[PDB]
K.L.:
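Mind looking over this structure? Questions follow.
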Amino acid sequence: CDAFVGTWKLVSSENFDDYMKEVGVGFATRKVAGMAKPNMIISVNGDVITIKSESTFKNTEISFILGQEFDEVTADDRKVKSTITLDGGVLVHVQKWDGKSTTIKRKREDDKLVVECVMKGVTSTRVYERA
Ligand SMILES: O=C(O)c1cccc2c3c(n(Cc4ccccc4C(F)(F)F)c12)CCCC3
C-alpha cells in the first residue's frame, strides 16, 4: 500500500481517552498521550512499509510486511504480537497480548487519513491531515 504514503498531522480525536482506558493505559500516560498532537509519517520500500509517529510525548516506529506477524513495543510499553494487512484499501493492524486484542484501521477518506481504534466496546476515531 502507498496511497497512505506521506506526512500526516493529527487534527481531531474522539474517545481516545476511553480507548486508552479500555486498553489498560495508566492515568499518567493517558494524560500526556491524550494531549499529544503527533505526526504520523508513513513510507514504503518494496514490501516493507514503515510507519513513524513523532510527538514530544514519545516517538515510535514500526516496519513490517503485510501479513507477517511481528513483535511490537507500543507507546504504552505493551509487548504485543502485531499483524497488519491491506483489506479493500484499508490497513488493518491487530495487536494481540495476554489474550487481548485491539484493532487499528487506517483508511484514506478524501484528503484525510482516518484512524479507527477499537478495544472491546470502545471505539475511538482519529483524523490526520497532510502537513
Ligand atoms: O497516534 C495515534 O493516533 C494512535 C493510534 C492508535 C493507537 C494509539 C496508542 C497511542 N497512540 C498515540 C501515539 C502513538 C505513538 C506515538 C505518540 C502517540 C501520541 F503522542 F500519544 F499521540 C495511538 C498511545 C499508546 C496507546 C495506544
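The chain is numbered in sequence order, starting from 1. First listed ligand is number 1; within each ligand, the first listed atom is number 1. Values reported hereafter were calculated over all heavy atoms of this structure, with side chains retained and with hydrogens, waters and symmetry mates removed.
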K.L.:
Nearest protein heavy atom to atom 21 (F) of ligand 1, by residue and atom, and its distance?
P.N.:
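The closest one turns out to be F57 CD2, 3.1 Å.
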K.L.:
In a check of side-chain hydrogen bond (donor to acceptor under 3.5 Å, both in side chains) between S82 and each of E69, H93, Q68, which one passes?
P.N.:
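Among the candidates, only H93 passes.
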K.L.:
Using a cut-off of 6.0 Å, state whether more than 12 heavy atoms not belonging to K100 lie near its atom NZ.
P.N.:
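For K100, atom NZ is crowded (more than 12 foreign heavy atoms under 6.0 Å).
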K.L.:
Among all protein heavy atoms, pick out the one at the shortest distance from atom 1 (O) of ligand 1; state its residue, atom name and that distance to 0.1 Å.
P.N.:
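Ranked first by proximity to atom 1 (O) of ligand 1 is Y128 OH, 2.7 Å.
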K.L.:
What protein heavy atom is closest to atom 7 (C) of ligand 1, reported as residue, atom name and distance in Å?
P.N.:
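Scanning the protein heavy atoms, the shortest distance from atom 7 (C) of ligand 1 goes to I104 CD1, 3.8 Å.
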K.L.:
Specify the protein heavy atom at minimum distance from atom 3 (O) of ligand 1: its residue, its atom name, and the distance to 0.1 Å.
P.N.:
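In this structure, atom 3 (O) of ligand 1 has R126 NE, 2.3 Å as its nearest protein heavy atom.
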K.L.:
May I ask you to list the atoms of ligand 1 that are less than 4.0 angstrom from any heavy atom of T60?
P.N.:
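Going through ligand 1 atom by atom, the ones under 4.0 Å from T60 are 15 (C), 16 (C).
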K.L.:
Based purely on interatomic distance, does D76 place a nitrogen or oxygen under 3.5 Å from a nitrogen or oxygen of ligand 1?
P.N.:
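So ligand 1 has no N or O lying under 3.5 Å from an N or O of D76.
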K.L.:
Do other residues, nucleotides or ligands put more than 12 heavy atoms under 6.0 Å from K58 NZ?
P.N.:
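Enclosed.
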K.L.:
What residue and atom, counting heavy atoms only, is the protein's closest point to atom 6 (C) of ligand 1, and at what distance?
P.N.:
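Atom 6 (C) of ligand 1 sits closest to the protein heavy atom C117 SG, 3.5 Å.
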K.L.:
Side chains of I62 and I84, heavy atoms from C-beta outward: is any pair under 4.5 Å?
P.N.:
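Yes. Closest side-chain heavy atoms under 4.5 Å.
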K.L.:
Determine if the distance from atom 13 (C) of ligand 1 to the closest protein heavy atom is below 4.0 Å.
P.N.:
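No, because not a single protein heavy atom sits under 4.0 Å from atom 13 (C) of ligand 1.
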K.L.:
Verify whether one side chain among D76 and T74 offers a donor that lies under 3.5 Å from an acceptor in the other.
P.N.:
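On atom types as modelled, these side chains qualify, holding a pair under 3.5 Å.
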K.L.:
Can you list the ligand 1 atoms lying under 4.0 Å from a non-hydrogen atom of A36?
P.N.:
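Once the distances to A36 are compared, the set is 19 (C), 20 (F), 21 (F), 22 (F).
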K.L.:
Testing the basics here: between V5 and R130, what is the closest heavy-atom pair and its distance to 0.1 Å?
P.N.:
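That closest heavy-atom pairing would be O-NH1, 3.1 Å.
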K.L.:
Where's the contact between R78 and ligand 1, heavy-atom distance under 4.0 Å: side chain, backbone, both or neither?
P.N.:
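Looking at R78 and ligand 1, just side chain atoms fall under 4.0 Å.
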K.L.:
What closest approach, in Å, do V44 and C1 show between heavy atoms, and which atom pair accounts for it?
P.N.:
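The pair with the smallest heavy-atom distance is CG2-O, 3.0 Å.
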K.L.:
Please check if atom NZ in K9 has more than 12 non-hydrogen atoms from other residues, nucleotides or ligands closer than 6.0 Å.
P.N.:
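Correct, the count exceeds 12.
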K.L.:
What's the shortest distance from atom 11 (N) of ligand 1 to any protein heavy atom, and which residue and atom give it?
P.N.:
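Result for atom 11 (N) of ligand 1: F16 CZ, 3.3 Å.
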K.L.:
Which atoms from ligand 1 have a heavy atom of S55 less than 4.0 Å away?
P.N.:
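Near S55, meaning under 4.0 Å from one of its heavy atoms, ligand 1 has 17 (C), 20 (F).
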K.L.:
Side chain or backbone of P38 under 4.0 Å from ligand 1, or both, or neither, by non-hydrogen atoms?
P.N.:
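The part of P38 near ligand 1 is the side chain, not the backbone.
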K.L.:
Please identify which atoms of ligand 1 are closer than 4.0 Å to at least one heavy atom of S53.
P.N.:
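So the answer, numbered in order with elements, is 15 (C), 16 (C).
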K.L.:
Under a 4.0 angstrom heavy-atom cut-off, which atoms of ligand 1 come close to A33?
P.N.:
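In order of number, 21 (F), 22 (F).
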K.L.:
Which pair of non-hydrogen atoms, one from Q95 and one from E72, has the smallest distance, and what is that distance?
P.N.:
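In terms of heavy atoms, the two residues are closest at NE2-OE1, 2.9 Å.
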K.L.:
Is it true that atom NZ of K107 has more than 12 heavy atoms of other residues, nucleotides or ligands lying nearer than 6.0 Å?
P.N.:
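Yes, NZ of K107 has more than 12 neighbouring heavy atoms, counting only those of other groups under 6.0 Å.
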K.L.:
For ligand 1, which part of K58 has a heavy atom less than 4.0 Å away: the side chain, the backbone, both, or neither?
P.N.:
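Under 4.0 Å from ligand 1, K58 contributes backbone atoms alone.
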K.L.:
Which protein heavy atom lies closest to atom 24 (C) of ligand 1, and at what distance to 0.1 Å?
P.N.:
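Looking at atom 24 (C) of ligand 1, the protein heavy atom closest to it is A75 CB, 3.8 Å.
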K.L.:
Within the side chain of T83, is there an N or O that forms a donor-acceptor pair under 3.5 Å with the backbone of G67?
P.N.:
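Looks like no, no N/O pair under 3.5 Å.
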